[PDB]
């Protein structure tokens, strides 16, 4: 780094309910809710009916205080800067009798010059958080109408007035915890001469032969004199200098703009997950005043990302081109990982990225009702090769567009754009989630006067068609912006499906069968989804045995969608026998969500290039709840996660059966063509015996980045209705020499129509520290087996798979909490067991 010193204001904090004069220890970064919980002043907010029991917190004001020492020597540094990375939300900040700041935007980092107010010895920092509810009640009263924000779970929809995480007020998968606090870190920096307020590595061009960069620095000089300095940029890879440039300047008091070109010959490109290595250069800029007074570095990925959104014969395309190659996007919508943001640990972020990488994903949407994520989130996306689609934090309701609200939004857009624009992973900006769809199709025209509706339509344009796009054009001029997701397509209107991106909620809200995903195709799927109850160990975190019915108060409850638990039963009944026990119903509901959802994922990939991506709703959960998530709050992979992994495999054999006939497609996202390939298939009954003979299709090629049909056959004359109920299709793809590159299994009937034999999955266990190895055997098919353990967060090599007749299967379960001796409890479930 440089000669500055940083003091972390992360200890010795206390908090108070205002007007009580009672102080208790606090943890910062943190939240009022966690501080109370930690003194047993709230029940577990996630347990039972306890949501209503914690609401009172949002009606109180909350105070925070800390003290720190400053030395005579520190006070003699040229400048001293206090930085709040995050204040939630209406925060009056006092230091040593000075009001430093009236903060009003959760999404903004505040940098404050404090030398002239600090004192040798003890220094006293106090922060007063006004209730976001009481702060905005007068605002609402003056408004004359209630914004149609159905996700804001209160009679008055105050959320829209505050630049605060929309989901904190509730959501259709979320608990209401309208929290407050110092949500990101506080630092004091003691420094000489200047600081680097911004360092932007702007890529000018990239070819195989050369990368041209422009290093753009904003330097804030704090002393009264003009100061000769040399600006230096070092570009290194893996600890070795690649290129180095320097510039003489004389820094003036105040802001200085410094621009140094640099080039990297024969650059090593950053590639997305599945296409190579996510190579990151180290770019370091230093200010040297004959000592390095200031330094700032960024990890930089050298790549092009173009979003192609052009009129074509099919409507309007919507796809991503990476390093000149169209890349079919495979991923999911990401939501905040906790009701209480500072509770989400480094480990939890690293684990989530591991989950995305291991599921073969190359894209995550940071959906617009959460937060602009922390720097760590983006750093991990950079180093895992995952593209980031970044919504601005507007979701599902129109918002105000008065001048002072828009000045607030402008502050947050400039802050986060400059914060995020150096990440290799950042791929596009999206003005909002679902707001134009909402304005057009959600029945507002009957909920408000014409003049108010006109006001809302004009407000939409001010923010999402003017302010936000101009801010991106200014500060991130080479990145794509689109005003809303979905921008035109609506799920109820087939005429619009060829136009940009879709949120197909035909499945779920429109009750369409999963098979509808085969015919109802988008140019890009930015949302589609299906709910499930999480597994029992998670339920046991939030419900009691008495509450084990699909619509008791508690489940209902932990159901926040406008049609809920009943829909899960409705869909289940189409394809499965509904089990009589709750635990069995939970198991099949996981299998259900997995099988139906992967059917869509497959349909989207199969239909490339018409469709160029699929991002399911949703990756993750913020609390224990029944949701569209593929990984529950405790990090347990649902069926859907293993199925998404399978559906996103770089090479996939996709058998698709419709109108009593089978097609097999070979789908590849590899960058190289596969030549001289052999598809081989056979029908095997549930006892292990082959029906007929092996079918072989030789001489197959799988070109890079294509989906292609290689086999078709009518069922009639091949299999009888009886066989379709009592066998499966095994499929394998192999190269010239017989090496297997891909396999699949196909069933010819719905699971409820299968004549599944009673059967026992036996296993042998070899348990050590951290590790559990199981070998599973069944003489007969066991359908969609779930290997269930009580260890929260335990990870599995595979799970939610069919255990084929006779064919042994190795599964490894890992967890730091696995001890040698202490045999891991294991419960193996499968479909036939769920009914008599």
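Residue numbers count along the first chain shown, from 1.
Between residue 144 and residue 145, determine how many residues of the deposited chain lack coordinates; answer none if the chain runs continuously, otherwise 1 to 3, 4 to 9, or 10 or more. According to the record, the chain runs unbroken from residue 144 to residue 145.
Comparing 739 to 747 with 133 to 141, which stretch shows the greater average C-alpha B-factor in the deposited entry? Per the deposited B-factors, the answer is 739 to 747.
For the C-alpha atoms alone, is the average B factor greater in 40 to 48 or in 56 to 64, going by the entry? It is 40 to 48.
In terms of recorded Cα temperature factor, pick the maximum from 572, 178, 732, 194. So the option with the highest C-alpha B-factor is 732.
Selection by C-alpha B-factor (highest) of 295, 198, 546, 451: That would be 451, according to the entry.
Chain third (lowest, middle, highest) by recorded CA B-factor, residue given as residue 758: CA B-factor rank for residue 758: highest third.
Could you say whether, by C-alpha temperature factor, residue 247 belongs to the lowest, middle or highest third of its chain? Highest third of the chain for residue 247's C-alpha B-factor.
Taking the C-alpha B-factors as the PDB entry records them, is residue 405 in the lowest, middle or highest third of its chain? Its C-alpha B-factor, which the entry lists for residue 405, ranks in the middle third among residues of this chain.
Lowest, middle or highest third: where is residue 487 by Cα B-factor in its chain? For residue 487, whose C-alpha B-factor we compare with every modelled residue in the chain, the answer is the lowest third.
What third of its chain, lowest, middle or highest, does the C-alpha temperature factor of residue 618 fall into? Lowest third, going by the recorded CA B-factors of the chain.
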